[PDB]
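We number each residue from 1, following the sequence as shown. Hydrogens, waters and symmetry mates play no part in the numbers below; they use all other heavy atoms, side chains included. Just so you know, ligand 1 is whichever comes first in the structure, and atom 1 is the first atom listed for that ligand.
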Amino acid sequence: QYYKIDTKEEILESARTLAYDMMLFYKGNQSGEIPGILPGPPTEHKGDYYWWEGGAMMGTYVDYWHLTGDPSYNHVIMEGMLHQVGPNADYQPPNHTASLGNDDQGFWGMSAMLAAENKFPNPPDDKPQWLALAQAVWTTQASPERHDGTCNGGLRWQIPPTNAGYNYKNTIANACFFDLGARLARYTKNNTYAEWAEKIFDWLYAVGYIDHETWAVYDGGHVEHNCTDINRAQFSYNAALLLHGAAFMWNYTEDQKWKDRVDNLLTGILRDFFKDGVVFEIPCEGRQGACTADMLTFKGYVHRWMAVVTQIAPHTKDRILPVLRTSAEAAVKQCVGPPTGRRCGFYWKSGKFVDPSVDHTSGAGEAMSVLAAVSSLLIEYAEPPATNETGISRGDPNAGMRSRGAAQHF
Ligand SMILES: OC[C@H]1O[C@@H](O[C@@H]2[C@@H](O)[C@H](O)O[C@H](CO)[C@H]2O)[C@H](O)[C@@H](O)[C@@H]1O
Ligand SMILES: [Ca+2]
């Protein structure tokens with residue numbers, strides 16, 4: 001094994017080297033390149049990765065700095081986050097319409113929310129601020145045209161009505177909106193965010209994407225079938241994102257119903273995604289060559305989000321931290337690949353390095369996921385998410401409401 005993680009100092013060193021290796025995939029700070037994105041999209045044969053994964057990377061590095069204190073990449077991350085905000089400061093840059101799902105926009109909004117929670121350095125005074133960016137994403141997702149009567153509510157996967165998948169009302173789009181609402185409520189203490197989060201969670205429960213018996217979290221359903229054709233694929237990031245948002249709602253409301261939802265979602269996640277202590281992407285990881293670029297990132301979010309759950313729902317700490325530890329141990333045990341002797345693959349439970357070429361990418365998602373898992377081993381030393389009591393960001397009451405905003409020509 002190359003990376004050591006037995007003490008705080010070893011974890012810090014390993015995380016620093018993992019942050020270096022993940023950054024090698026990113027070209028956006030170089031002359032002539034586009035800040036904020038990994039190479040791609042694959043539809044243009046420019047690389048393996050879609051725009052939203054750039055947003056996920058940005059968030060991973062906001063967390064990296066928060067967890068380790070290393071600010072080395074902060075300027076690169078600030079540039080990338082600011083470059084992708086779009087003309088209306090809402091993470092809807094029109095050049096990216098083709099991949100503009102509510103989840104894609106949502107992941108960028110969640111990285112901005114994380115920047116506010118982590119007190120990431122503020123953009124310059126003339127630029128959009130982190131809280132305001134999160135508020136803009138949430139506001140556009142709350143806009144009435146995104147909430148029609150099909151399936152009695154819920155967000156559709158896609159924002160543009162002509163995008164493939166507009167007829168699919170899926171968990172992840174709704175989970176992003178839920179998580180943002182819960183986090184905006186806790187940060188700002190504004191209850192309208194929380195009321196929307198309650199409504200969306202109740203919808204996810206009612207439509208049955210959350211299994212009422214097992215608390216498994218399914219993928220979605222289509223409007224032409226009243227959302228009853230549930231796709232029962234269980235992706236780790238769906239359950240984990242609902243757990244994360246539910247923990248924010250528990251912390252904000254102190255309502256036992258939210259504690260119960262945290263506990264039930266957590267029981268399900270441990271049952272379904274952790275195999276002898278190691279996170280496992282059950283829809284695809286059981287055979288090599290099936291996981292897509294998107295799926296290779298999910299276990300990193302699971303680690304980072306579950307770690308934060310232990311801070312804001314501290315009664316979960318003893319259920320979560322030991323399991324994240326064994327999962328991160330498996331992650332580093334297989335980061336031994338050539339040519340460096342430390343290249344990371346995806347198949348942590350297997351105990352062996354598998355070249356990322358088996359899943360047809362250069363390996364950035366695997367690198368991101370290991371960075372996330374190792375960094376998050378430092379959660380016990382980190383500050384919890386800030387609120388407006390101690391945060392340094394600034395909001396905008398008209399976030400998402402510009403007169404040229406895309407909702408005005410929907
Ligand atoms: O899975 C990542 C992203 O996939 C997007 O759909 C792709 C389109 O952007 C592209 O134009 O065509 C391919 C199929 O040829 C689609 O897979 C979604 O729009 C994104 O939300 C999604 O995150
Ligand atoms: Ca490829």
Side-chain angles (χ1 to χ4, degrees), residues 24-27 34 36-60 84 86 90-111 137 140-141 146 154-180 209 219-223 231 233-238 240-241 281 283-285 288-301 343-346 354-369 406 410:
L24 295 174
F25 292 97
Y26 176 73
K27 312 300 188 193
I34 303 178
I37 59 169
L38 285 160
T43 46
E44 299 173 26
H45 302 87
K46 288 179 175 183
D48 298 304
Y49 310 107
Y50 290 93
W51 176 74
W52 79 274
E53 189 168 344
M57 180 190 164
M58 300 300 101
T60 302
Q84 296 298 333
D90 61 356
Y91 285 115
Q92 306 192 96
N95 283 181
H96 291 290
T97 299
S99 65
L100 197 54
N102 281 295
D103 54 333
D104 307 80
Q105 185 199 20
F107 271 90
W108 283 97
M110 288 157 56
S111 290
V137 170
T140 65
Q141 290 186 351
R146 295 201 193 169
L155 289 175
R156 299 164 181 268
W157 181 22
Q158 296 298 303
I159 292 162
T162 59
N163 272 15
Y166 187 73
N167 65 329
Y168 192 49
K169 289 189 165 186
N170 63 177
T171 299
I172 188 64
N174 287 283
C176 289
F177 180 53
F178 165 66
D179 188 64
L180 283 169
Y209 299 172
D219 198 67
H222 294 91
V223 300
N231 174 357
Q234 291 178 63
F235 294 102
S236 65
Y237 77 151
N238 272 331
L241 191 47
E281 196 60 53
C284 63
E285 185 170 344
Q288 296 178 10
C291 294
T292 66
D294 289 359
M295 299 168 195
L296 298 166
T297 71
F298 296 166
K299 59 181 56 164
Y301 316 148
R343 188 175 178 216
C344 293
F346 183 68
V354 176
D355 196 296
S357 66
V358 304
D359 291 312
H360 315 286
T361 85
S362 60
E366 294 90 329
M368 196 186 310
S369 290
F410 175 84

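Ligand 1 has no atom lying under 4.0 Å from any heavy atom of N163. The closest approach between any non-hydrogen atom of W51 and ligand 1 is not below 4.0 Å.
Nearest protein neighbour of atom 12 (O) of ligand 1, counting heavy atoms only, is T43 CG2, 3.8 Å. The nearest protein atom to atom 6 (O) of ligand 1, hydrogens excluded, is given as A98 O, 4.5 Å; this is a heavy-atom distance. Nearest non-hydrogen protein atom to atom 16 (C) of ligand 1 is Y50 OH, 4.3 Å. Of the protein's non-hydrogen atoms, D104 OD2, 2.6 Å is the one closest to atom 23 (O) of ligand 1. Among all protein heavy atoms, the one lying closest to atom 5 (C) of ligand 1 is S99 CB, 4.3 Å.
Ligand-side atoms of ligand 1 in range of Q158: 18 (C), 19 (O), 21 (O), range being under 4.0 angstrom from any heavy atom. The ligand atoms of ligand 1 that sit less than 4.0 angstrom from a heavy atom of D294 are 1 (O), 2 (C). Atoms of ligand 1 found under 4.0 Å from any heavy atom of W157 (numbered from 1 in listed order, with element): 21 (O).
Within the 4.0 Å cut-off (strictly below), a protein heavy atom is located near atom 2 (C) of ligand 1.
For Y209 (side chain) and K169 (main-chain N/O), a donor-acceptor pair under 3.5 Å exists by modelled atom type.
The residue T292 has no part lying near ligand 1, judged by heavy-atom distances below 4.0 Å.
Classified by interplanar angle (parallel below 30°, tilted 30° to 60°, perpendicular above 60°), the ring pair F298/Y301 is tilted. Ring geometry for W51 versus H96: interplanar angle under 30°, hence parallel rather than tilted (30 to 60°).
Rounded to the nearest 0.5 angstrom, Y168 OH and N231 CG are separated by 3.5 Å. Between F346 atom CZ and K299 atom NZ the span is 3.5 Å, to the nearest 0.5 Å.
Exactly one of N163, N167, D103, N102 qualifies for a side-chain hydrogen bond (donor to acceptor under 3.5 Å, both in side chains) with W157. That residue is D103.
In terms of heavy atoms, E366 sits closest to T361 at OE1-OG1, 4.0 Å. Nearest heavy atoms, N238 versus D219: ND2-OD1, 3.5 Å.
The nearest N/O/S atom of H360 to the Ca ion (ligand 2) is O. Residue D48 approaches the Ca ion (ligand 2) most closely through its N/O/S atom OD1.
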